[PDB]
């Protein structure tokens, strides 16, 4: 329903076209997706759908190497994808916004939250995966996996296998957000499933511990997995966005 518009991010051989779907109603919502997802995913589609009911705009886009944007995802880094998110926000966000980040998008959202001090009114983090290169991937590397990162510059995770590049892991240490106290200046809501097989729910708890006292809430779902895309999971996401909208 919402048509794709595009901006060029980066210069020279790093220049790449970023696809965006900017919805305008008749406090925008901004979506930041996962590591190898795209803006047509279930949760992303439901966020713009929430914007249609709350009478607000919605900003969705695809990272480079994702969805309808240029490039190979194996050439991407957190810095590159943060850059694209900033560029899309500067181009589309005409005012206040609520950042909604899922997994790697939550890591991107937290980096954007620091540079945002439009203005941030709320944070909704879905199965948040901040610092996952240093917190989750690095401590669980087999000696055969790091040998691949040394001789090949990447490693493969077991129908197409996820490839984590050496550059992604190295750039991740320059984008760590759990370096200390995390002041977002806005209410925060975390959605997390206890049966998450990719981001252990304690990782979300560790992230929440790094946030100060003021308005951080977590909805912990006992039977939820990493995607959290069931109808009941989406219902709680919509309620978390509704809470952000009522306190803004």
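Residue numbers count along the first chain shown, from 1.
- The gap between residue 117 and residue 118 holds 10 or more unmodelled residues of the deposited sequence.
- Unmodelled residues of the deposited sequence between neighbouring positions residue 158 and residue 159 number 4 to 9.
- When the C-alpha B-factors of 68-76 and 148-156 are averaged, 148-156 comes out higher.
- For the segment pair 87-95 and 100-108, the entry gives 87-95 the higher mean B-factor, averaged over Cα atoms.
- Looking only at 48, 62, 196, 214, the residue with the top Cα B factor in the deposited structure is 214.
- Across the residues 129, 124, 82, 141, the deposited record lists the maximum Cα B factor for 141.
- Annotation for residue 182: CA B-factor lies in the highest third of the chain's modelled residues.
- Compared with the other modelled residues of the chain, the Cα B-factor recorded for residue 55 ranks in the middle third.
- Looking at the C-alpha B-factors along this chain, the one for residue 245 belongs to the middle third.
- Ranked by Cα temperature factor within the chain, residue 15 sits in the middle third according to the deposited record.
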